[PDB]
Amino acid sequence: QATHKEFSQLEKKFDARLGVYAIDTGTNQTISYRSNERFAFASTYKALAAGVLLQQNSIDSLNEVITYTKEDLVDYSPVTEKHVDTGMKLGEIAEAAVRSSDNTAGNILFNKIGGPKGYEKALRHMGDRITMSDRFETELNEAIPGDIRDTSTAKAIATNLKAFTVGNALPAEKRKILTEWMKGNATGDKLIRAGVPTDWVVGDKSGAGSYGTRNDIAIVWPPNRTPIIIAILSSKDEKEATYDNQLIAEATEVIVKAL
């Protein structure tokens, strides 16, 4: 509640709508701003869908070779486009989705958990009544305001990310695989990672979509402290609106100061 003025000032400085939910897993203190408003989740689902994949499949089964065609390649598939003729190991596809945001890898991940419907079913089983998953990449980025397809809230997303990365949604060995996939990726450098102090460590998953949608979700580790789970979502009124990574980094600075 104390941070509401700071977040509203960021909305004005960046002409955007901002959704924030952060929870300190050691104290249960939360920071929330518009945390119940819907945004298109865009590529942030890839971290959670990787969690669902790990929950439903053994570590050894990540060695299965999955194949696809040139026709299957959707926009922004920098890893999968290099391996059409040979296929890739399932674990490498999941890693490509989380690390590089490869969209064809995201669709294969969807396929392996039952499509958008299967992803939604898995989240409902974890107690998430909010997230709505309907479409594959790249149509899921359409982000029409008022259209609930492929949307969630900062609170719902953060709660799911907490379950997978710190909670009891996964066994410890798979939790480690997921958090490692989330660490050290360039797609996160200008977002939450840019807004935390230099002695903090961030494992994140970024997202971007239409209507200026720009998101980042993360598990962050301060020094000598329990992790903090952060979801920052943002969007704008106009379909062709730009986004500004600095909004997410600035929102992160407010969270850091409060926590």
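Heads up: residue numbers just count along the shown sequence, starting at 1.
Problem set entry | Higher-scoring stretch by recorded Cα B factor average, 221-229 or 37-45 | Result: 221-229.
Exercise. Once you work out the mean C-alpha B-factor for both 162-170 and 71-79 from the entry, which is higher?
Worked result: The deposited B-factors put 71-79 ahead on the C-alpha mean.
Problem set entry | Residue, from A208, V65, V52, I192, that the PDB entry assigns the highest Cα B-factor | Highest C-alpha B-factor among the listed residues goes to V65.
Exercise. Highest Cα B-factor in the deposition, which of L178, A97, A154, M126?
Worked result: Across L178, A97, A154, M126, the entry lists the biggest C-alpha B-factor for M126.
Exercise. In terms of the CA temperature factor given in the entry, to which third of its chain does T86 belong: lowest, middle or highest?
Worked result: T86: CA B-factor falls in the highest third of its chain.
Problem set entry | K236 - Cα temperature factor, lowest/middle/highest third of chain | Middle third of the chain for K236's C-alpha B-factor.
For this session: Compare the C-alpha B factor of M132 with those of the other modelled residues in its chain, then answer lowest, middle or highest third.
Result: Ranked within chain, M132 CA B lands in the lowest tercile.
For this session: Using the B-factors in the PDB entry, rank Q9's C-alpha atom against the chain and give the third, lowest, middle or highest.
Result: According to the entry, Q9 has a C-alpha B-factor in the chain's highest third.
For this session: Could you look up the Cα B-factor of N245 in the entry and say which third of the chain it sits in: lowest, middle or highest?
Result: As the PDB entry reports it, the C-alpha B-factor of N245 lands in the lowest third of its chain.
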